[PDB]
$ cat run04.json   # JSON, N, CA and C atoms
[["chain", "number", "residue", "atom", "x", "y", "z"],
["M", 7, "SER", "N", 0.81, -1.26, 0.00],
["M", 7, "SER", "CA", 0.00, 0.00, 0.00],
["M", 7, "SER", "C", 0.83, 1.29, 0.00],
["M", 8, "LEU", "N", 2.04, 1.30, 0.58],
["M", 8, "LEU", "CA", 3.06, 2.28, 0.23],
["M", 8, "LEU", "C", 3.63, 1.88, -1.12],
["M", 9, "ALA", "N", 3.38, 2.72, -2.13],
["M", 9, "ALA", "CA", 3.69, 2.39, -3.51],
["M", 9, "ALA", "C", 4.56, 3.47, -4.13],
["M", 10, "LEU", "N", 5.13, 3.18, -5.30],
["M", 10, "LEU", "CA", 6.00, 4.11, -6.01],
["M", 10, "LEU", "C", 5.76, 3.89, -7.49],
["M", 11, "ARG", "N", 5.82, 4.98, -8.26],
["M", 11, "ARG", "CA", 5.79, 4.92, -9.71],
["M", 11, "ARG", "C", 6.65, 6.04, -10.31],
["M", 12, "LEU", "N", 6.82, 6.00, -11.65],
["M", 12, "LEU", "CA", 7.50, 7.03, -12.42],
["M", 12, "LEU", "C", 6.50, 7.57, -13.43],
["M", 13, "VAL", "N", 6.49, 8.89, -13.66],
["M", 13, "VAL", "CA", 5.40, 9.53, -14.40],
["M", 13, "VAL", "C", 5.96, 10.61, -15.35],
["M", 14, "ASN", "N", 5.25, 10.90, -16.43],
["M", 14, "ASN", "CA", 5.67, 11.88, -17.43],
["M", 14, "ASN", "C", 7.01, 11.49, -18.03],
["M", 15, "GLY", "N", 7.23, 10.17, -18.14],
["M", 15, "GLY", "CA", 8.54, 9.67, -18.50],
["M", 15, "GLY", "C", 8.57, 8.94, -19.84],
["M", 16, "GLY", "N", 7.43, 8.51, -20.35],
["M", 16, "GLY", "CA", 7.46, 7.84, -21.65],
["M", 16, "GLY", "C", 7.38, 6.33, -21.54],
["M", 17, "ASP", "N", 8.07, 5.73, -20.55],
["M", 17, "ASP", "CA", 7.72, 4.38, -20.15],
["M", 17, "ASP", "C", 7.68, 4.31, -18.62],
["M", 18, "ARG", "N", 7.20, 3.19, -18.09],
["M", 18, "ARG", "CA", 7.10, 3.00, -16.65],
["M", 18, "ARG", "C", 8.49, 3.01, -15.99],
["M", 19, "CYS", "N", 9.56, 2.82, -16.77],
["M", 19, "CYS", "CA", 10.91, 2.71, -16.20],
["M", 19, "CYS", "C", 11.76, 3.99, -16.33],
["M", 20, "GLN", "N", 11.09, 5.14, -16.47],
["M", 20, "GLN", "CA", 11.74, 6.43, -16.35],
["M", 20, "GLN", "C", 10.66, 7.49, -16.19],
["M", 21, "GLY", "N", 10.97, 8.51, -15.40],
["M", 21, "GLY", "CA", 9.97, 9.48, -15.02],
["M", 21, "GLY", "C", 10.29, 10.20, -13.70],
["M", 22, "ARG", "N", 9.41, 11.14, -13.36],
["M", 22, "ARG", "CA", 9.40, 11.74, -12.04],
["M", 22, "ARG", "C", 9.05, 10.66, -11.02],
["M", 23, "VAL", "N", 9.82, 10.64, -9.93],
["M", 23, "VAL", "CA", 9.53, 9.74, -8.83],
["M", 23, "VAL", "C", 8.33, 10.29, -8.05],
["M", 24, "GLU", "N", 7.33, 9.41, -7.83],
["M", 24, "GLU", "CA", 6.21, 9.68, -6.95],
["M", 24, "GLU", "C", 5.90, 8.49, -6.05],
["M", 25, "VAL", "N", 5.42, 8.83, -4.86],
["M", 25, "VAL", "CA", 5.25, 7.89, -3.76],
["M", 25, "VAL", "C", 3.83, 8.07, -3.20],
["M", 26, "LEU", "N", 3.13, 6.96, -2.97],
["M", 26, "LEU", "CA", 1.82, 7.04, -2.37],
["M", 26, "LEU", "C", 1.94, 6.93, -0.86],
["M", 27, "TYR", "N", 1.73, 8.08, -0.21],
["M", 27, "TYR", "CA", 1.72, 8.21, 1.24],
["M", 27, "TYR", "C", 0.33, 8.70, 1.62],
["M", 28, "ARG", "N", -0.42, 7.88, 2.38],
["M", 28, "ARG", "CA", -1.60, 8.39, 3.05],
["M", 28, "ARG", "C", -2.60, 8.97, 2.04],
["M", 29, "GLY", "N", -2.84, 8.22, 0.95],
["M", 29, "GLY", "CA", -3.85, 8.54, -0.04],
["M", 29, "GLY", "C", -3.38, 9.49, -1.15],
["M", 30, "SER", "N", -2.13, 9.97, -1.09],
["M", 30, "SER", "CA", -1.67, 11.01, -2.01],
["M", 30, "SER", "C", -0.34, 10.63, -2.66],
["M", 31, "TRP", "N", -0.33, 10.72, -3.99],
["M", 31, "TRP", "CA", 0.91, 10.66, -4.72],
["M", 31, "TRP", "C", 1.70, 11.96, -4.51],
["M", 32, "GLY", "N", 2.88, 11.87, -3.87],
["M", 32, "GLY", "CA", 3.74, 13.03, -3.72],
["M", 32, "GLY", "C", 5.15, 12.78, -4.24],
["M", 33, "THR", "N", 5.95, 13.86, -4.30],
["M", 33, "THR", "CA", 7.20, 13.84, -5.04],
["M", 33, "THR", "C", 8.37, 13.74, -4.07],
["M", 34, "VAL", "N", 9.59, 13.74, -4.66],
["M", 34, "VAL", "CA", 10.85, 13.58, -3.96],
["M", 34, "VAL", "C", 11.79, 14.71, -4.36],
["M", 35, "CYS", "N", 12.27, 15.50, -3.39],
["M", 35, "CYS", "CA", 13.25, 16.53, -3.68],
["M", 35, "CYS", "C", 14.57, 15.94, -4.16],
["M", 36, "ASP", "N", 15.30, 16.74, -4.94],
["M", 36, "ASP", "CA", 16.51, 16.30, -5.61],
["M", 36, "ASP", "C", 17.79, 16.59, -4.82],
["M", 37, "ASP", "N", 17.69, 17.01, -3.56],
["M", 37, "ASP", "CA", 18.81, 17.65, -2.88],
["M", 37, "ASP", "C", 20.10, 16.78, -2.82],
["M", 38, "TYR", "N", 20.01, 15.48, -2.52],
["M", 38, "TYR", "CA", 21.17, 14.59, -2.45],
["M", 38, "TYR", "C", 20.95, 13.38, -3.36],
["M", 39, "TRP", "N", 20.09, 13.66, -4.34],
["M", 39, "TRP", "CA", 19.57, 12.67, -5.24],
["M", 39, "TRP", "C", 20.70, 12.22, -6.16],
["M", 40, "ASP", "N", 21.11, 10.95, -6.08],
["M", 40, "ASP", "CA", 22.15, 10.42, -6.94],
["M", 40, "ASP", "C", 21.66, 9.07, -7.45],
["M", 41, "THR", "N", 22.54, 8.36, -8.15],
["M", 41, "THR", "CA", 22.22, 7.09, -8.81],
["M", 41, "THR", "C", 22.12, 5.92, -7.81],
["M", 42, "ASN", "N", 22.59, 6.09, -6.58],
["M", 42, "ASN", "CA", 22.31, 5.11, -5.54],
["M", 42, "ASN", "C", 20.84, 5.12, -5.13],
["M", 43, "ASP", "N", 20.30, 6.34, -4.96],
["M", 43, "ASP", "CA", 18.87, 6.54, -4.77],
["M", 43, "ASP", "C", 18.14, 5.98, -6.00],
["M", 44, "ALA", "N", 18.60, 6.30, -7.23],
["M", 44, "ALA", "CA", 17.86, 5.86, -8.42],
["M", 44, "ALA", "C", 17.90, 4.34, -8.60],
["M", 45, "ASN", "N", 18.97, 3.66, -8.13],
["M", 45, "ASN", "CA", 19.05, 2.20, -8.17],
["M", 45, "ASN", "C", 18.02, 1.51, -7.28],
["M", 46, "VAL", "N", 17.88, 2.03, -6.05],
["M", 46, "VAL", "CA", 16.88, 1.55, -5.11],
["M", 46, "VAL", "C", 15.50, 1.63, -5.79],
["M", 47, "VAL", "N", 15.22, 2.77, -6.45],
["M", 47, "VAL", "CA", 13.95, 2.98, -7.14],
["M", 47, "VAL", "C", 13.77, 2.00, -8.30],
["M", 48, "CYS", "N", 14.79, 1.89, -9.16],
["M", 48, "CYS", "CA", 14.78, 1.02, -10.33],
["M", 48, "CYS", "C", 14.66, -0.44, -9.90],
["M", 49, "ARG", "N", 15.48, -0.86, -8.92],
["M", 49, "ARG", "CA", 15.39, -2.21, -8.39],
["M", 49, "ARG", "C", 14.00, -2.50, -7.82],
["M", 50, "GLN", "N", 13.43, -1.54, -7.07],
["M", 50, "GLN", "CA", 12.15, -1.74, -6.38],
["M", 50, "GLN", "C", 11.02, -1.78, -7.40],
["M", 51, "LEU", "N", 11.21, -1.18, -8.58],
["M", 51, "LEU", "CA", 10.19, -1.22, -9.63],
["M", 51, "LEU", "C", 10.40, -2.39, -10.58],
["M", 52, "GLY", "N", 11.50, -3.15, -10.45],
["M", 52, "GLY", "CA", 11.82, -4.19, -11.39],
["M", 52, "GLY", "C", 12.09, -3.59, -12.77],
["M", 53, "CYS", "N", 12.85, -2.50, -12.81],
["M", 53, "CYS", "CA", 13.35, -1.91, -14.03],
["M", 53, "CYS", "C", 14.86, -2.07, -14.11],
["M", 54, "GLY", "N", 15.46, -2.73, -13.10],
["M", 54, "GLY", "CA", 16.85, -3.16, -13.09],
["M", 54, "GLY", "C", 17.79, -2.22, -12.31],
["M", 55, "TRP", "N", 18.65, -1.51, -13.06],
["M", 55, "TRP", "CA", 19.71, -0.64, -12.56],
["M", 55, "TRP", "C", 19.45, 0.74, -13.15],
["M", 56, "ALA", "N", 19.99, 1.81, -12.57],
["M", 56, "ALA", "CA", 19.67, 3.17, -12.99],
["M", 56, "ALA", "C", 20.72, 3.67, -13.97],
["M", 57, "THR", "N", 20.31, 4.34, -15.06],
["M", 57, "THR", "CA", 21.25, 4.95, -15.99],
["M", 57, "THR", "C", 21.50, 6.42, -15.63],
["M", 58, "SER", "N", 20.50, 7.10, -15.06],
["M", 58, "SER", "CA", 20.78, 8.38, -14.42],
["M", 58, "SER", "C", 19.71, 8.72, -13.39],
["M", 59, "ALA", "N", 19.99, 9.80, -12.64],
["M", 59, "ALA", "CA", 19.13, 10.32, -11.59],
["M", 59, "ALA", "C", 18.92, 11.83, -11.75],
["M", 60, "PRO", "N", 18.19, 12.28, -12.78],
["M", 60, "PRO", "CA", 18.08, 13.72, -13.05],
["M", 60, "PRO", "C", 17.21, 14.48, -12.05],
["M", 61, "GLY", "N", 17.78, 15.58, -11.51],
["M", 61, "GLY", "CA", 17.09, 16.58, -10.72],
["M", 61, "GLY", "C", 16.37, 17.60, -11.60],
["M", 62, "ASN", "N", 16.02, 18.75, -11.00],
["M", 62, "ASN", "CA", 15.41, 19.88, -11.68],
["M", 62, "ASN", "C", 14.20, 19.48, -12.49],
["M", 63, "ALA", "N", 13.38, 18.58, -11.97],
["M", 63, "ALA", "CA", 12.06, 18.39, -12.55],
["M", 63, "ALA", "C", 12.20, 18.07, -14.05],
["M", 64, "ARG", "N", 13.08, 17.10, -14.38],
["M", 64, "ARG", "CA", 13.39, 16.81, -15.77],
["M", 64, "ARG", "C", 12.18, 16.13, -16.42],
["M", 65, "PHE", "N", 11.29, 15.55, -15.62],
["M", 65, "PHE", "CA", 10.03, 15.00, -16.10],
["M", 65, "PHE", "C", 8.86, 15.84, -15.58],
["M", 66, "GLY", "N", 9.09, 17.15, -15.47],
["M", 66, "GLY", "CA", 8.07, 18.09, -15.02],
["M", 66, "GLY", "C", 7.91, 18.09, -13.49],
["M", 67, "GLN", "N", 6.87, 18.82, -13.07],
["M", 67, "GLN", "CA", 6.62, 19.13, -11.67],
["M", 67, "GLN", "C", 5.35, 18.42, -11.22],
["M", 68, "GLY", "N", 5.49, 17.67, -10.14],
["M", 68, "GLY", "CA", 4.33, 17.15, -9.44],
["M", 68, "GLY", "C", 3.50, 18.28, -8.86],
["M", 69, "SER", "N", 2.27, 17.92, -8.47],
["M", 69, "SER", "CA", 1.38, 18.85, -7.81],
["M", 69, "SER", "C", 0.83, 18.22, -6.53],
["M", 70, "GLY", "N", 1.38, 17.08, -6.10],
["M", 70, "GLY", "CA", 1.11, 16.63, -4.75],
["M", 70, "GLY", "C", 1.90, 17.35, -3.65],
["M", 71, "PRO", "N", 1.88, 16.77, -2.45],
["M", 71, "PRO", "CA", 2.87, 17.13, -1.44],
["M", 71, "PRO", "C", 4.21, 16.63, -1.92],
["M", 72, "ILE", "N", 5.27, 17.24, -1.38],
["M", 72, "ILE", "CA", 6.61, 16.70, -1.35],
["M", 72, "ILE", "C", 6.77, 15.85, -0.09],
["M", 73, "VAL", "N", 7.00, 14.55, -0.28],
["M", 73, "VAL", "CA", 6.94, 13.55, 0.78],
["M", 73, "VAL", "C", 8.33, 13.14, 1.28],
["M", 74, "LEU", "N", 9.38, 13.27, 0.48],
["M", 74, "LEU", "CA", 10.73, 12.86, 0.89],
["M", 74, "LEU", "C", 11.77, 13.86, 0.39],
["M", 75, "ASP", "N", 12.89, 13.94, 1.11],
["M", 75, "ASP", "CA", 13.94, 14.93, 0.91],
["M", 75, "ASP", "C", 15.22, 14.38, 1.54],
["M", 76, "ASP", "N", 16.37, 14.80, 0.99],
["M", 76, "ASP", "CA", 17.71, 14.45, 1.46],
["M", 76, "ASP", "C", 17.85, 12.93, 1.52],
["M", 77, "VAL", "N", 17.58, 12.25, 0.40],
["M", 77, "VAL", "CA", 17.56, 10.79, 0.40],
["M", 77, "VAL", "C", 18.99, 10.34, 0.15],
["M", 78, "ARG", "N", 19.49, 9.51, 1.07],
["M", 78, "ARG", "CA", 20.90, 9.13, 1.09],
["M", 78, "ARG", "C", 20.98, 7.60, 1.20],
["M", 79, "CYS", "N", 20.54, 6.89, 0.15],
["M", 79, "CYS", "CA", 20.44, 5.44, 0.13],
["M", 79, "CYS", "C", 21.85, 4.85, 0.10],
["M", 80, "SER", "N", 22.07, 3.80, 0.91],
["M", 80, "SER", "CA", 23.31, 3.03, 0.83],
["M", 80, "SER", "C", 23.39, 2.31, -0.52],
["M", 81, "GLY", "N", 22.25, 1.83, -1.01],
["M", 81, "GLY", "CA", 22.20, 1.18, -2.30],
["M", 81, "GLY", "C", 21.51, -0.18, -2.19],
["M", 82, "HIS", "N", 21.53, -0.76, -0.97],
["M", 82, "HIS", "CA", 21.07, -2.13, -0.73],
["M", 82, "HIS", "C", 19.63, -2.18, -0.16],
["M", 83, "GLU", "N", 18.96, -1.03, 0.04],
["M", 83, "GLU", "CA", 17.60, -0.98, 0.55],
["M", 83, "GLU", "C", 16.61, -1.57, -0.46],
["M", 84, "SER", "N", 15.50, -2.13, 0.03],
["M", 84, "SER", "CA", 14.42, -2.64, -0.81],
["M", 84, "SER", "C", 13.56, -1.50, -1.36],
["M", 85, "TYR", "N", 13.28, -0.52, -0.49],
["M", 85, "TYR", "CA", 12.33, 0.52, -0.82],
["M", 85, "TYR", "C", 13.01, 1.86, -0.59],
["M", 86, "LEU", "N", 12.68, 2.86, -1.44],
["M", 86, "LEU", "CA", 13.21, 4.21, -1.30],
["M", 86, "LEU", "C", 12.98, 4.82, 0.09],
["M", 87, "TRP", "N", 11.82, 4.55, 0.71],
["M", 87, "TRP", "CA", 11.45, 5.17, 1.99],
["M", 87, "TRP", "C", 12.15, 4.50, 3.17],
["M", 88, "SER", "N", 12.77, 3.32, 2.96],
["M", 88, "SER", "CA", 13.64, 2.68, 3.95],
["M", 88, "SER", "C", 15.03, 3.31, 3.98],
["M", 89, "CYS", "N", 15.43, 4.03, 2.91],
["M", 89, "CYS", "CA", 16.70, 4.76, 2.94],
["M", 89, "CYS", "C", 16.68, 5.86, 4.01],
["M", 90, "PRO", "N", 17.85, 6.41, 4.41],
["M", 90, "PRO", "CA", 17.88, 7.63, 5.21],
["M", 90, "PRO", "C", 17.37, 8.84, 4.44],
["M", 91, "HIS", "N", 16.58, 9.64, 5.15],
["M", 91, "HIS", "CA", 16.01, 10.87, 4.65],
["M", 91, "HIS", "C", 15.50, 11.68, 5.85],
["M", 92, "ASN", "N", 15.10, 12.91, 5.58],
["M", 92, "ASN", "CA", 14.77, 13.87, 6.60],
["M", 92, "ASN", "C", 13.40, 13.60, 7.21],
["M", 93, "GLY", "N", 12.81, 12.44, 6.95],
["M", 93, "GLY", "CA", 11.50, 12.08, 7.45],
["M", 93, "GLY", "C", 10.39, 12.47, 6.48],
["M", 94, "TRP", "N", 9.29, 11.71, 6.56],
["M", 94, "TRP", "CA", 8.11, 11.94, 5.74],
["M", 94, "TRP", "C", 7.66, 13.39, 5.89],
["M", 95, "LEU", "N", 7.43, 14.07, 4.75],
["M", 95, "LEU", "CA", 6.83, 15.39, 4.65],
["M", 95, "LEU", "C", 7.79, 16.49, 5.13],
["M", 96, "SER", "N", 9.04, 16.14, 5.45],
["M", 96, "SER", "CA", 9.98, 17.15, 5.89],
["M", 96, "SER", "C", 10.91, 17.44, 4.72],
["M", 97, "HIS", "N", 10.80, 18.68, 4.22],
["M", 97, "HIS", "CA", 11.57, 19.09, 3.07],
["M", 97, "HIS", "C", 11.68, 20.61, 3.06],
["M", 98, "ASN", "N", 12.65, 21.08, 2.26],
["M", 98, "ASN", "CA", 12.95, 22.49, 2.09],
["M", 98, "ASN", "C", 13.05, 22.80, 0.59],
["M", 99, "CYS", "N", 12.16, 22.17, -0.18],
["M", 99, "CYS", "CA", 12.15, 22.30, -1.63],
["M", 99, "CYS", "C", 10.84, 22.87, -2.12],
["M", 100, "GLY", "N", 10.85, 23.23, -3.41],
["M", 100, "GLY", "CA", 9.64, 23.32, -4.21],
["M", 100, "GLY", "C", 9.68, 22.30, -5.36],
["M", 101, "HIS", "N", 8.59, 22.24, -6.13],
["M", 101, "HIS", "CA", 8.43, 21.16, -7.09],
["M", 101, "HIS", "C", 9.38, 21.28, -8.28],
["M", 102, "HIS", "N", 9.93, 22.47, -8.51],
["M", 102, "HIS", "CA", 10.97, 22.61, -9.51],
["M", 102, "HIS", "C", 12.16, 21.71, -9.19],
["M", 103, "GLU", "N", 12.23, 21.19, -7.95],
["M", 103, "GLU", "CA", 13.39, 20.43, -7.51],
["M", 103, "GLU", "C", 13.10, 18.93, -7.58],
["M", 104, "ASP", "N", 11.95, 18.56, -8.17],
["M", 104, "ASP", "CA", 11.42, 17.20, -8.11],
["M", 104, "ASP", "C", 12.39, 16.25, -8.80],
["M", 105, "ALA", "N", 12.62, 15.07, -8.21],
["M", 105, "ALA", "CA", 13.66, 14.15, -8.65],
["M", 105, "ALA", "C", 13.07, 13.08, -9.56],
["M", 106, "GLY", "N", 13.88, 12.58, -10.50],
["M", 106, "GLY", "CA", 13.42, 11.61, -11.48],
["M", 106, "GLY", "C", 14.48, 10.53, -11.65],
["M", 107, "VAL", "N", 14.16, 9.45, -12.38],
["M", 107, "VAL", "CA", 15.12, 8.40, -12.68],
["M", 107, "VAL", "C", 14.94, 8.00, -14.14],
["M", 108, "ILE", "N", 16.04, 7.55, -14.75],
["M", 108, "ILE", "CA", 15.99, 6.69, -15.93],
["M", 108, "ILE", "C", 16.58, 5.33, -15.56],
["M", 109, "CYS", "N", 15.86, 4.25, -15.92],
["M", 109, "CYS", "CA", 16.28, 2.87, -15.65],
["M", 109, "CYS", "C", 16.67, 2.13, -16.95],
["M", 110, "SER", "N", 17.42, 1.01, -16.80],
["M", 110, "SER", "CA", 17.89, 0.13, -17.87],
["M", 110, "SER", "C", 16.75, -0.39, -18.73],
["M", 111, "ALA", "N", 15.66, -0.79, -18.08],
["M", 111, "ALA", "CA", 14.53, -1.31, -18.82],
["M", 111, "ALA", "C", 13.86, -0.21, -19.66],
["M", 112, "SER", "N", 14.30, 1.06, -19.54],
["M", 112, "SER", "CA", 13.80, 2.10, -20.43],
["M", 112, "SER", "C", 14.46, 1.97, -21.81],
["M", 113, "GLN", "N", 13.71, 2.34, -22.84],
["M", 113, "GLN", "CA", 13.95, 1.79, -24.16],
["M", 113, "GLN", "C", 15.07, 2.58, -24.85]]
$ encode --input "run04.json" --output "structure tokens"
Amino acid sequence: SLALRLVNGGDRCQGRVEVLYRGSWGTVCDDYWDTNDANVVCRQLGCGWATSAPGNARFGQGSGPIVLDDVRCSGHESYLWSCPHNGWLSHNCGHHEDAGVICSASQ
């Protein structure tokens, strides 16, 4: 029921990262967003390994809440929200900072 998808990306394996928290799809700030974070996302979606982790709303801007920020994944986590971060709904971003991924399974 805590879910994740990629949107405005062209296939399911690349897009803006969004997370279903408490009935709402919300976004992820790009502040420490790297390919370790994007691997956790790609692995958790079954899209494999990450080819990049673009910041600056490269797949546009969400209009939900911003649900995660300062994500600092070791790389071995199952789910993005199990990584270290500043806690649910704690962020210092706007949606222009929304984080995205491209995965291997993207065409």
$ atom_distance --input "run04.json" --atom1 "atom N of residue 38 in chain M" --atom2 "atom C of residue 58 in chain M"
12.8 Å
$ closest_residue --input "run04.json" --among "M:46, M:12, M:63, M:23" --to "residue 104 in chain M" --atoms "only C-alpha atoms"
M:63
$ residues_around --input "run04.json" --residues "residue 103 in chain M" --least-positions-apart "4" --cutoff "8 Å" --atoms "all atoms listed in the file" --output "list in words"
residues 33, 34, 35, 36, 37, 60, 61, 62, 63, 64, 66, 67, 68 and 99 of chain M
$ closest_residue --input "run04.json" --among "M:105, M:48, M:19, M:53" --to "residue 76 in chain M" --atoms "only C-alpha atoms"
M:105
$ closest_residue --input "run04.json" --among "M:95, M:72, M:77, M:111" --to "residue 32 in chain M" --atoms "all atoms listed in the file"
M:72
$ select_by_dssp --input "run04.json" --residues "chain M" --states "strand (DSSP E or B)" --output "ChimeraX atom specification"
/M:9-17,20-27,30-35,56-58,72-74,104,106-109
$ closest_residue --input "run04.json" --among "M:75, M:18, M:102, M:27" --to "residue 90 in chain M" --atoms "only N, CA and C atoms"
M:75
$ closest_residue --input "run04.json" --among "M:86, M:26, M:59, M:8" --to "residue 39 in chain M" --atoms "only N, CA and C atoms"
M:59
$ closest_residue --input "run04.json" --among "M:13, M:44, M:79, M:74" --to "residue 56 in chain M" --atoms "only N, CA and C atoms"
M:44
$ atom_distance --input "run04.json" --atom1 "atom N of residue 97 in chain M" --atom2 "atom N of residue 78 in chain M"
13.0 Å
$ atom_distance --input "run04.json" --atom1 "atom N of residue 100 in chain M" --atom2 "atom N of residue 10 in chain M"
20.9 Å
$ axis_aligned_box --input "run04.json" --around "range 8-25 of chain M" --padding-each-side "8 Å" --output "AutoDock Vina command-line options"
--center_x 6.9 --center_y 6.6 --center_z -10.5 --size_x 25.7 --size_y 26.6 --size_z 38.2
$ select_by_dssp --input "run04.json" --residues "chain M" --states "helix (DSSP H, G or I)" --output "ChimeraX atom specification"
/M:41-51,86-88,101-103
